[PDB]
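One chain comes next, on its own, written out as structure tokens in the form solved without 2,4-dinitrophenol (DNF).
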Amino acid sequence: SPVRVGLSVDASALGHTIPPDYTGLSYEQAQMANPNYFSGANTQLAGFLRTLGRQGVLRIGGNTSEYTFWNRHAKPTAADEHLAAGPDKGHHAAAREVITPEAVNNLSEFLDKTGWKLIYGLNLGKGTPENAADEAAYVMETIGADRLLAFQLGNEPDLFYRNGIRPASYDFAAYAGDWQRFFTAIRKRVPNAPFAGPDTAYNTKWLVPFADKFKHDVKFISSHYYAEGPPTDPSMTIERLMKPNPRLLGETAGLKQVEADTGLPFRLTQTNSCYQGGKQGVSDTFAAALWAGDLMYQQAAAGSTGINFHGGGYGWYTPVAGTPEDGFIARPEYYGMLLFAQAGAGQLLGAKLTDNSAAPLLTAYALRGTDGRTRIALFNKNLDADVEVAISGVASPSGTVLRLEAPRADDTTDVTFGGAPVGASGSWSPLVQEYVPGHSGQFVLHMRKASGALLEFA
């Protein structure tokens, strides 16, 4: 029988306001070697992005950003015209790639088709300041100030000391000197170039020193998050993925403190469940939908300006999989992002759970929509417990529910939202209508184990 929990919504308990460009995706820079991928001709992928949000941010970076070499006279290889660059697996050095004017031109058209903004990595790991300045100038020329949100100078510079990009002694002080050299060169070509950083993988010690040094030179602070811990941890499981992550909480507190010290907001510019491209049986499953949707809300509630789920190719954790030649599909994680998209923007409200110790991985978020209607996003991440949620603090004549479902937490397919899969080119509309039982001030929602729900009140 279900665990009977209470949820009290408090319309006076005002949280953060979710911005319209919160959602986003991250891709490997190597993908820019193929001018057909981020292209106005890529209508399938553009549709998948639009379904994730009418505003949002595309970030391009990752390990391959140290292996991409812009040149104004470059041409893609024949193989480049067909490249599908999935998440770098981190086992050895990435292949060298060139980036061309054509690809940047086509990226511009892709951003126009999607309505999304751009965070663009520059090659601080192996490239030169002058080449970065030239690349930045072309990007600014072509993409424009309104769509270019920030350049980033290197990806995960806190890992250069161990991945061959720099010697073992590389540290924040060394990075700060590299950053300044690149910044100076770029600003000579592009005096209005916007920056974010430090784009770190994990090392929270770099946040303070970076922000204090470069606070007048950046628009926002960026860092990364993977749910999987260090290599010496036990292998990630779905059970672990559903549970709170104290490292996340600490990282988020570090970022909040930077904002308190400097005024700079923060964005989680690369995230996913498990590293090395993901873990088959965890990252590519329905549990990842629950994980991702919940993470989006947790971070929004903490004051993040947005998020960018890493992906590409057919990587285990990619939200969207596919290629221009074979087409694109929504993977399970996409459906958690879709729940967020459908909820929309607005101000988060207090949403306190009680009587929930037997269903501790249920999370709930309440929102006053931009349209004035109350929504509640719930993630029943308990893998073995169904819940019955008694909802107080909401007065409405009618509420509806859209369910986020799969038959098993580990399913790699069979994921639906609102009773429907996402179709080709991101097409989605709900096919199952359900009213929330109960009435004004006392609604009652059942949720099966390992499921999610979006409630909308009239």
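Start at 1 with the first residue shown and count on from there.
The protein also exists as the form deposited with 2,4-dinitrophenol (DNF) bound; that form is not presented, and the subsequent description refers to it.
Colleague: Taking 4.5 angstroms as the cut-off for heavy atoms, does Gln433 touch 2,4-dinitrophenol (DNF) in the bound PDB entry?
Modeller: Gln433: contacts 2,4-dinitrophenol (DNF) in the bound PDB entry.
Colleague: My question is simply whether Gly53 lines the interface with 2,4-dinitrophenol (DNF) in the bound PDB entry - judged by any non-hydrogen atom within 4.5 Å.
Modeller: Contact with 2,4-dinitrophenol (DNF), no.
Colleague: Might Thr400 be said to contact 2,4-dinitrophenol (DNF) in the bound PDB entry, defining contact as any heavy atom within 4.5 Å?
Modeller: Flag for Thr400 set to yes.
Colleague: Please determine, with the chain shown alone, which of 421-429, 405-413, 43-51, 392-400 has non-hydrogen atoms within 4.5 Å of 2,4-dinitrophenol (DNF) in the bound PDB entry.
Modeller: Comparing against 2,4-dinitrophenol (DNF) in the bound PDB entry, the contact stretch is 392-400.
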